[PDB]
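The following block contains the structure, expressed as C-alpha cells.
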Amino acid sequence: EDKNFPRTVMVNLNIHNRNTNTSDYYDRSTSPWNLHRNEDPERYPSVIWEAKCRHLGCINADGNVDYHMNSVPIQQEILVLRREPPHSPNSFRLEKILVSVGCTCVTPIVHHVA
Amino acid sequence: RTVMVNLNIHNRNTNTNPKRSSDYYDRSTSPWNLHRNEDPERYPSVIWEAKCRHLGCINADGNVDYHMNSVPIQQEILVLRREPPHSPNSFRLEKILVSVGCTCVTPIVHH
Amino acid sequence: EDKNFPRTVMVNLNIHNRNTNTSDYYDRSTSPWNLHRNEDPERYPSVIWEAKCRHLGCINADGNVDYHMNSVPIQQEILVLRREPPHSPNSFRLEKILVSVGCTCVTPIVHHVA
Amino acid sequence: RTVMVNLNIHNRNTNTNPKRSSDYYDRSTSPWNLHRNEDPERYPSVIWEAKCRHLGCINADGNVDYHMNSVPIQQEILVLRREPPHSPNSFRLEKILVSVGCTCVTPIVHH
Amino acid sequence: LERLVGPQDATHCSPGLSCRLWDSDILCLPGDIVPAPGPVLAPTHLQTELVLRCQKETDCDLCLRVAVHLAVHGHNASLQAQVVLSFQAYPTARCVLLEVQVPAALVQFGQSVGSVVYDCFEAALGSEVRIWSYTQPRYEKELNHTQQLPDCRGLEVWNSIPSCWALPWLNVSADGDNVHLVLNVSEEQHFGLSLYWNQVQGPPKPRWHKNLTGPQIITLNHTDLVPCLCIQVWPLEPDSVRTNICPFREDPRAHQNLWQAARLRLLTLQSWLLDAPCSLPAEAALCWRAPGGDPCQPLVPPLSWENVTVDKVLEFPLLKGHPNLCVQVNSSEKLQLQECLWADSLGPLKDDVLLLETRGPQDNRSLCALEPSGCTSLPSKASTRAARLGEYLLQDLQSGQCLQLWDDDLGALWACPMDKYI
Amino acid sequence: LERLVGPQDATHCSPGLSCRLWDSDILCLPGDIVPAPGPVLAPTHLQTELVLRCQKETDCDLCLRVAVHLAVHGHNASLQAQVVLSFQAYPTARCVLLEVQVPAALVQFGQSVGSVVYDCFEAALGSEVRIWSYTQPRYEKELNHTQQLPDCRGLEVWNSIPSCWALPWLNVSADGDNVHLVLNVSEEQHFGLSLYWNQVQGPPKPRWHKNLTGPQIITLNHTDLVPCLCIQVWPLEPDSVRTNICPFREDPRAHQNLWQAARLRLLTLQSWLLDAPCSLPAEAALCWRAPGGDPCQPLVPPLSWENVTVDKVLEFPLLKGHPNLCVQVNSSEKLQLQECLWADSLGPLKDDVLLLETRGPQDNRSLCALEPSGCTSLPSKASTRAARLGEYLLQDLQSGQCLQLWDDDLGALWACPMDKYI
Amino acid sequence: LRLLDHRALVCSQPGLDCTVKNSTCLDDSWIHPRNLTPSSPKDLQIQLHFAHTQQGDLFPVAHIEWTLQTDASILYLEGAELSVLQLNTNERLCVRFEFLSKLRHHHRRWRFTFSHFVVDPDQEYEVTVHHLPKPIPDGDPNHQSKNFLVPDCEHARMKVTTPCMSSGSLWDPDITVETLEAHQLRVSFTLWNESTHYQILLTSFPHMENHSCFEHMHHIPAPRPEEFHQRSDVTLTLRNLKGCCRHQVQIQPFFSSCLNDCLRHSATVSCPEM
Amino acid sequence: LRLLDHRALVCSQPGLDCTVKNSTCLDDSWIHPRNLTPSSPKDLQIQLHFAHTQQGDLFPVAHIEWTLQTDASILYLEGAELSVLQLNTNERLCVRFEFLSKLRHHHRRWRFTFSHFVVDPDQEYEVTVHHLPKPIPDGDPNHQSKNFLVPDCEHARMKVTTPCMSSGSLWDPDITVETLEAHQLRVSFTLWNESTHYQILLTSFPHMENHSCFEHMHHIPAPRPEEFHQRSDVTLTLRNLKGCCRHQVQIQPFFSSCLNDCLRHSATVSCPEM
C-alpha cells in the first residue's frame, strides 16, 4: 500500500542512458586482477565483476614480480535493487554494497634511518 | 512501463574491515586528481571522479615514462534522479559511466 | 510629541570621545589653503574651518608658483544638528552638509600627440 | 543630561556643482589608499578612510623624495551610535577622528 | 542481410509478421517461471551473424547481430508477446526491449512463428560475451549462447577494422645523404615518437624519444642509424596503440654505418671480441701484414675461418701473439675490418719472417716462407742468387731461436728473427 | 599653583566653596538670553596661566590653564549653577562641563562668589585659540579672550618642550684618520639621514642619503668632507621634525680637504676662476716661477693682491700671458695653491728674464731684473764680472724686442729673450 | 550623485505590488529594529548605461540589478536601501523600496532593476543593497556591497556623454606651432565654443637629459562670442642659448566644467640635428 | 567510517528540544520537498579528537560544529544531515537531526556539536551539513561542505591511537645487520606481538649510481606465541662482485591490520672506502 510508508515511489523503468550506449586492462596492468562471478537473480544487475589483485607486488618490464612495489585494491559503494517481496517483478528495495572495481601499483611507506 | 521502489535503504557495506586504505592517488605509478560531481537532482548528490594526471607512468626515479600508459578504471553505477513534475514519472533510474581510479598498463603494439 | 513622528529619539548628550582628547599643515603644504569663518549659532559645531586652495598651481622648493601641477580641493559630507524649534536648547534635527576640508597637489591630465 | 533629535535628515549638499572630481589618490604628489570602516552599530555605517601610501612625496620623474613629507588630513566628524538596550539611552552621539586625504608638506628644521 | 549496417538502432523481423523496438536499456531480471493459461511464445535457439556499422566514411565499428526464433506453446486472433535480450557481458552492461506481434496467419500450436532480429550488440574484440534471452514475463530459463569472439586475428576482422595495421603512414626515404621520416598525420594531431636499436637480450635501446605535433618531416642523423633502428609512433591519447617498424634490416647505407661503428678489441692474449651495436653474425680469420707494405696475406691455409658472432667471446689457437697478426672480418666475403690486435700489446710491426711447416714425403719436415707473392718452399734456389737468407733461418729454427706461434699435429707457424742479416 | 600638573583631568576651585567636573565634551551652543527670576551666577573675566603636564619622566606636553570668576545678579541657602567653556579652537574641538555650587557664606548680591579652574586645555604652539565662556542656560554673551600663543619661541617654552633643539645626539668625532658619527638613538628607533654641502645660491647639494635603523656609528669618507658638510636627521614618522647641524665650518681637517679639492682654471687670456666646493672667500696674486729651480718670487711689488671669491670671475691686468706667470692663492697668508695657468696655453716654462720698470730721479727710466735673490737695478756692475748680459738686454728692450706684459703710468713688466747668449 | 529625474520611479511589476520611496538613507528599522531578519540579496550586479533625458542631453547612468534568496525569509521582506556611496566624498545616495503585498510562491527567481542614478565619470562608488527590515545589532548582515567604478572620458562611449563634452573632450587644438628662425616660436590653436581663459606653458630641455633649462607662461583672456572656434596665434620669443633646443608646450585650458583639473593638450618636437 | 557507539546520541540541549536519529542518508524531504526552505549552516567547522571508548581502546574521532544564520528562516527548520562522505570510496555516512520544538527568540548564536564519528587515518573526507527540509529542485542550497582530512601515523597524537598501533607504528626492528668478511650479510630484527610473516628484501648498487646490480628476497614464516618480541637473525650470502658494494635492505612486514600496504623499516650503509 502506498502512503503507509512514504518511501515507496514510482520509477521510469526505461533507463536514461548517460551515454552508456555511445577493456582488457585487467590483464595488461602492472597490478593485474581477476574477475569472479558474484551473481544473484534477486539483485540488479544480476552479473557482477569482482576484481581483486592477482599479484602481491607489481610486474616489471621483464615480467618479474618486483617486491619494491605493492598492488592495492580499489573498492566503491554502489546502489543496487533487491526484490521485495521475493520473486515478484513489480517492486524493489534499495541497497548500498561494497565492490572491488580494479587495482593499481603503489610505492610502499618507508622510514629511513641512517 | 513503471516499477515501484522502497528508498528505505539497507546499508550492506557495514563490514568496516581491518584494512584501512591511505591516499593512493599520489602513491600510485599512475597518479590521479579527483573532481566533485555534485548534482542535487541526483542521488547520491556527490560523486568523486578520479582522472589520470599523466599519460605515462612514474619510473623509480620519479619521472613520466612515456613508454607506459595510465588508464582510468571506468565503472557504470546505478543512480536515481528527480524526474520533472510535469513528466508522468516522479523519479527516473539512470546508469552513469564515471572514472573511479587509475592503473598503469603496457601499451599495445601492432607488429 | 513622541510617537507622532517615530524619527524623534533620545541622545546621550555626553559625547563619547573616540580618542579626540587623547596643525599648521595649511601653511606648510605645497598646495596651501586658507580657513574661513562659516559660523552659525543654530548649527553644531558653531565654528567651522572652510579650507579652499590658496594657490592655483603648486609651490616648488624655491617658492615659485609651478604651473606644471594643480592644487585641488578635498570635500566631504558630514552630519550636523540644527535647532528645531529655533533658539530652544532641548531638541534638534539632523542635516547632511558639504565642507571643504583641505587641498592636495595633483599631476594634470595630458594627451601626448607626436 | 539628554537631548532629543529628529533623524528625518535634510540633505543640504544637493548642490551637484559643475566641477566633478577624478581619482586623486593616485594623481597626487602624496598618494593614499582607502580602508572600508564599516560598523552597523554606527550611522553612517560605512566611512572610507584615506591613509598616506608613502612617507615622502613623488618627484617629477616618479620617485619618493624623502626630503618632503606626505601627511593625512584628519577631520573630526559627528556620527551616531546605537547605545545598548540595557543602558538608559537608546542612542549616543560620538566624535571620530578619521583620515580624509593626504597632502605634501615641507618638514620642519630646528636650526 | 548486409555486413555494412547503418548507424541507427532498429528491428527487422521475418516477412508477414509486424514488430517494434524500445532500445532504452530497460531493467531486466529473470523473476519466476510463471504459468501459461493460453497460447504463449517461447525461444528455441540463438544466432550470432557477422555485421559491421559505419557512422561516416572514415569511422567503423562492430555489430554482433543476434536472432531469436519463437513458437506457440502453453495451455482477437493476433497473438502478442514481449521478448528481452539481457546482454550482461563485459565491458559495458546494456539490455534491449523487443515487441513481437505475430498475426493470425502464422499462428500454429506446437510450431514456429517466424523470428526477430536486433541491430546491434557492439561487442569488443577478444571478450567472450554472454547472451541471456528469456520471455517477458519469464517461462523458460535464459538460453546459453556464450559466443567466443576473435581478437584482431579474424581474417575478415583485418579487412575492415582500422586498429589492425592501419596507423599514420611513415614513408621510407633513404634519399641522398639525408634519411627522411615523412609523416601523414593531420596538422592538429599530436603524437609520441621513439627510435631504438633492437637485439636478442634487452630489446629496448632508445636513441631518440620526443613528443611532436605533426606532420613534421624529421631528417635522421647517420650516427644513430643502423639495421637495428626501429620506429614506434602513437597518438597522444591514453591507451593508444603503437607499432614497431624495423625497415633498415637490409638497407645498404645502414649496414655501411654498422661496420664503420663496429670495433675489434683484445680482452686477453687468448681472447678477443667484435663490438657492434646491431648483433648480426659474420665470419673472421687471422692475417699476416707486412711491415714495409700493407698487402695483408690471409693465413688460410693452414688456419681456418672462424664462425664469429657479435658479443660472443672467441679464443685464439696461438701459443703467443705477434704484432704482424691482424684479424680480418668479412660479411658475404666482402672485407669490412682489418684491425691489428697486437699493435698495442706487442707492436709496432716487426720484420720477422713467418714460416709454414708441413710433413713432406718420406716423413721428413717441409718448410715454407710467407712472401708477398704466396709462399716459397725452402731450403731452395733464391731470387737473391745465393741459396737465400732462408738457409741461415733454417739453422736458427733447429737451434731453437724461432718463436712458435701456432701448433698442430700436421703443421706449425714460426716467427724467425731477420734482425741479424741487413 | 604649580607649572607641572598631573596627567588626570580634574577641577580645583578657590577655598570654602565646593565644586565638580564632567569632562565628557558635552554638546555646547549659545541658545538664547533667558530670564533670571532669582539670584543667578554670571562670568566677569577669563584668565590664561602657564602650566605643563607630564604623564611619565620622558613625556611632557602643554596645559593652558583657564579660570572664571562668578557673581550673584538677576531678579535652601546654597546657590547652585552650571558653567560651560566652549573651546572652539584649532586644531581639535572639545567642550567642558563644570558644576559650581557656592554655599550660603559667600552669597553676596552684586558681588563675586569665588572662582573655578579647569585643568587643562592642551593647545598647540602657534595657534591663536578661542575661549568662549557662557552660563548654562545662557544669560551673558560668551566672553572674548582670544589668547595669542607663542610658537617654539617663548623663553620658558624651550626649557620644557623637547621639540625645541632636543633631537637624538650625534656627537662630533674627528678622531684619527676616521671621522665617526656617533648616534644615540634606541635599537628599535628608525630614522632618515642626509649629508649635504650648503652655500649661497642653491642650498641643497647632497653627498649621501639613506634610511637606517640605529644606533650605527657611521664612519665618513674624507672625499665628501669639507666645511660645507651639514647633517640632517629625523625619525621615520610622517611630519617628523629635523635639524641642520654644520659643525665643520672651522675644523682643521675639513679645510685641508677643501683646498686639496679646489682647482684654478683659465677661462680666457683675460679671465680665470677658483673652483672650490665650499664657497669661502680668500686672497690671491701673480707670481714668477724660475724655469731651472722652483722658488716662486711674488710680484708684489709692483702688482697688487686681489680680493678673490670662489665662483667669482676675475680679470688680469696683463696685456699678454706668460708661461712663467703662476697664480698663488693663500687664506690667512698660509699658501694653499701655486698652479701655473699659462703652462698649457703657452708652456712649458721659458727662461726669458723679467724686468721691473719705474721712473727714476730726473724723469729718466730706471729698470731692474728679477733674480732669485730679489731684484738688481741695472744697467749695473755684475756678479758675472763684465757689465752683465743685462747691458745687451737693455738694447733689446729699446729696440722693441722685449714683450710688454704689464702696463702702468708709474711702471711696466717686460719678458726679454735670453735665447741668444748661452 | 543624483537622480536622473523625480518621475514615475515605481517598482510595481507583475506578481509584485510595491513603490520606490526616495529616502534619507536611514530606514526606520535601523532606528527601531524587529526580531525578524530577511535574507541577503544574492548575486548583486551593476552595469553602466547612457539614457537620453527629456531635455535631449545624454548622461552616464548606473543600472543596478539583483536576485533574492529562495529561503523562507523572503516572505518577511519589507524592501531595500539601494545605497550608492561615493568614496572620494563619502556622500550618501539611496532609494527605499516598500512592498504593498508580501512575497509568496517563488517558482521563478525574483529580480529588480533600477535605471535612475546619474554618475560622475572617473569616480569609484560602493553600491550596497540593504534589505529591509535591517538586522538587529550583533546580527547577521542582509546586504551585499560592490565597488562600482565609471571609466574616464578617453573611452568612446563616455566621451559622447554630457559631462565629457563640456570638460573639453571634443575640442582638438591643431597646434600649428612653427620654429621661427628669429629664435622665436609661433604658438597657435583653435578654441572651443565657451568663453574662458587659456594659458600657454613653455618648458625647454637638452636633447640628452630630462632636466629643464627655461620656463615661461603666456595668458590669453576670455574670447568674445564671435571669437569662438577662432584660431589664436600667440608667438613668443625663445631665449635659445646654445645647448638647449627640445622645446615642449602644453595649452592648459580653464573651462567652467573643470578649471585647473582640465585636459591639457601637449605637443613636442625634438632637437633637429643636421 | 562508523559511529563511535549506538548509545545516547541525543541533541536535547538547553533551550532546544530534539533527537538525533541515525538515517539512511536520504531524508524524506529529498524525495517529496516543501515550498519552505531553511537557511544554510554558517561557519561550518570540524576538528579531530581522540575519545577513549568503554572497552578502553582509543580511536580517531571527528568533532563537527556550526552556527545557524539569524534570519527568519531559522523558524522553519526541521533538522540536518551530518554527512561525512569519504572520497577514496564514495561511502556515505550521516545522522538526521529532528526538532521537537521549532526554534524561536535568537539572542545567542545557536550551536551544535557532534563527537561521535570514528575516522580512518590518512583519508580525505567531505563533511557536508544539509539543513532540513532540503531545498526544492532548481532551488538555492541550504548546506556547506568542507574537505576534512586525517593525518598519517607519523603525527605524535595519531601513532598512539588504535589503528596505528596494530598497523606496526610502535614496532622498531633495531637492525643489527653485520658486514661479514665471508661476502655475507647478517640480517637481524625484533618482531611485534602478532603472528604474521616478515620478508627481507635486498638490493645492491655502486657507490656512484642510482642503478642496481642485484636483487633477492628471503621469507620468514609466522613466529610462534613464545617467539613474539624475539630477535630473528637470517644471514644471507652476498654475490659481491668487485664494483658493487652499497647494499640496501628493507624488512617488509605483513600484519593483518595492513598486509602489503604496511610500514617498511629500511636501513642503508654506503661503500666503505679505505
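As written, the chains take the letters A, B, C, D, E, F, G and H, and residue 1 is the first residue of each chain.
Everything that follows uses one rule, which is that contacts are C-beta pairs under 8 Å (C-beta built on N, C-alpha and C of every residue); 3 or more make two chains touch, one makes a residue touch a chain.
Hop distance check: chain B to chain F, minimum number of steps through touching chains?
When the steps are counted carefully, the minimum from chain B to chain F is 4.
How many degrees of rotation map chain E onto its copy chain F on CA atoms, rounded to the nearest 5?
About 180 degrees, rounded to the nearest 5.
On a C-alpha centroid basis, what's the spacing between chain G and chain H, in Å?
Between these chains, centre-to-centre, one finds 59 Å.
In whole angstrom, what separates the CA-based centres of chain B and chain G?
Roughly 54 Å separates the two chain centres.
Taking each chain's centre as the mean of its CA atoms, how far is chain B from chain E in angstrom?
38
I'd like to verify one number: the distance from the centre of chain B to the centre of chain H, where each centre is the average of its C-alpha atoms, in whole angstrom.
So the centroids are 21 Å from each other.
Of all the residues in chain E, which ones touch at least 2 other chains?
Within chain E, the residues that touch at least two other chains are 25, 27, 92-93, 204, 239.
Check each residue of chain B and list the ones that touch at least two other chains.
3, 7-9, 11, 13, 21-22, 24, 44, 71, 76, 93, 95, 105, 108
Send over the residues of chain G in touch with two or more other chains.
Only 31, 89-92, 135, 261 qualify.
Applying that definition of touch, give me each pair of chains that meets it.
Inter-chain contacts occur between A-B, A-E, A-H, B-E, B-H, C-D, C-F, C-G, D-F, D-G, G-H.
In their shared complex, at which residues does chain G touch chain D?
Residues 1-2, 24-26, 30-31, 85, 87-92, 120-124, 126, 128, 134-135, 137, 141, 145, 152, 163, 166, 210, 256-259, 261.
In their shared complex, at which residues does chain F touch chain D?
Counting only chain F, the residues touching chain D are 25, 27, 92-93, 152, 163-165, 167, 192, 194, 204, 209, 211, 232, 234, 236-244.
Could you list, by residue number, the parts of chain B that touch chain A in their complex?
1-13, 15, 21-22, 24, 27-30, 44, 57, 60, 68, 71, 73, 75-81, 83, 89-97, 100-106, 108
Name, in rising order, each residue of chain D that touches chain G in their complex.
By the definition above, chain D touches chain G via 7-9, 11, 13-14, 16, 18-24, 34, 36, 40-41, 43-44, 46-48, 61, 82.
Can you list the chain H residues touching chain A in their complex?
Residue positions touching the partner: 28, 31-32, 89-92, 199, 201, 203, 217, 250, 252, 260-268.
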